[PDB]
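Chemist: sequence first, structure after; it's an experimental one.
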Amino acid sequence: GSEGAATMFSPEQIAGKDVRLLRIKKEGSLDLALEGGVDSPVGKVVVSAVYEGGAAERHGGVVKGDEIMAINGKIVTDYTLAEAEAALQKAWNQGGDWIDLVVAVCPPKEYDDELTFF
């Protein structure tokens with residue numbers, strides 16, 4: 001809708017950020033890929049890909065490269081792939097009706113390179 005989740009986080013974390021609360025129907029499985037988190041080069045949770053053959057795609061709106069932070073109301077800003085990945089799963093697994101994914105906004109651009117890498 002208009003407003004969503006915006007408090008669980010810190011004031012020095014969001015910083016008048018632009019986050020939304022998307023709700024996906026728990027129909028046709030989840031089928032979602034994640035990448036980053038843990039000690040990754042990302043340092044956050046970003047949708048790896050939205051399986052066209054899942055409930056993720058069905059919804060639409062957001063796509064890979066997103067900025068996942070909370071899952072059904074579960075701070076994953078410091079969560080690991082597995083943790084998050086699994087976590088999210090658990091939710092869907094539960095067999096609910098819908099799932100509220102808390103992910104920030106971010107258009108598909110892709111551009112990050114600044115390190116001679118040893």
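Modeler: Now that the structure is in, tell me what you want to look at. Residues are numbered from 1 along each chain as shown.

Chemist: quick one, what contacts the closest residue to residue 79 other than its chain neighbours?
Modeler: If you skip the residues right next to it in sequence, residue 79 has residue 37 as its closest partner in space, 5.8 Å away by C-beta to C-beta, 6 or more residues apart in numbering. The C-beta positions use only the backbone N, C-alpha and C, and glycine is treated the same way. If a contact means C-beta atoms under 8 Å, 6 or more residues apart in numbering, then residue 37 has 43-45, 76, 79-81, 83-84 as its contacts.

Chemist: show me the two of these that sit farthest apart.
Modeler: Using C-beta to C-beta, the pair of the contacts of residue 37 lying farthest apart is 43 and 83, separated by 14.6 Å.

Chemist: comparing the two, which residue is more hemmed in?
Modeler: Neighbours were counted for residue 43 and for residue 83 using other C-beta atoms under 10 Å; residue 83 has more, 17 against 12.

Chemist: what secondary structure does the more buried one sit in?
Modeler: The local conformation at residue 83, judged by DSSP: H, G, I helix; E, B strand; the rest coil, is helix.

Chemist: what sits against it?
Modeler: 37, 76.

Chemist: any idea how far residue 89 is from it?
Modeler: Using C-beta to C-beta, to the nearest Å, one obtains 11 Å as the distance from residue 83 to residue 89.

Chemist: leaving out the residues flanking it, which one is nearest to the spatially most central residue of the chain?
Modeler: When the chain is reduced to its mean C-alpha position, the closest residue under C-alpha atoms, centre = their mean turns out to be residue 68, at 2.5 Å. What sits nearest to residue 68 in space, not counting adjacent residues and going by C-beta to C-beta, 6+ apart, is residue 45, at 3.7 Å.
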